[PDB]
Amino acid sequence: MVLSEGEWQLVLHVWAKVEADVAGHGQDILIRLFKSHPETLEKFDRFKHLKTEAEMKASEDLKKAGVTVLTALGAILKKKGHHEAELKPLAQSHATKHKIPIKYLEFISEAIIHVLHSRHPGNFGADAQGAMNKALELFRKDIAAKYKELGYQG
């Protein structure tokens, strides 16, 4: 599957808005993930004990994590599908150390889309959401192919 340049530009336009405040966006996205799929929180040893959204909002470790994930994802999106180098180390760590199923990558994609739709109705109408879905599906498809190379069923 292959995005068009026009599709990538819709992705990158909304990403530019995320980048005005990546830490805030990361807090909202991780909170939405952890609220919607509490099982995902168990993967994060540093802050898996957090019990409430207020605790999550106040956590410096959770805020740093959100910056990490979104910055990595941002670098991947900016490759416009040419992301083999970026995906290799990420796939290995998520397959072998962290053990993140593709279902969980689906859950975080859902959380991303949710937050973008809420925060950025100026840049996340139906066409832009379709393009971001396509980008995230591409990512997940390529990660799944790497998980299989690595021996992880995902």
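Residue numbers in this text run from 1 along the chain shown.
Backbone N, Cα and C atoms are what each Cβ position is placed from, and that goes for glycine too.
Per Swiss-Prot, the feature phosphoserine maps to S4; the stated evidence is similarity to another entry. Annotated phosphothreonine per Swiss-Prot: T68, in sequence order. Residues or ranges marked as heme b binding site in Swiss-Prot (evidence: experimental evidence): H94.
Taking the features listed in Swiss-Prot, we show where each one sits on the structure.
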| residue | record | CB count, 10 Å |
| --- | --- | --- |
| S4 | phosphoserine | 11 |
| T68 | phosphothreonine | 12 |
| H94 | heme b binding site | 22 |
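Cα to Cα, the residue listed as 'phosphothreonine' and the residue listed as 'heme b binding site' are separated by 14 Å. When secondary structure is read from DSSP and collapsed to three states, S4 (phosphoserine) falls in the coil class.
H94 (heme b binding site) sits 28 Å from the residue listed as 'phosphoserine', taking the C-alpha atoms as the reference points.
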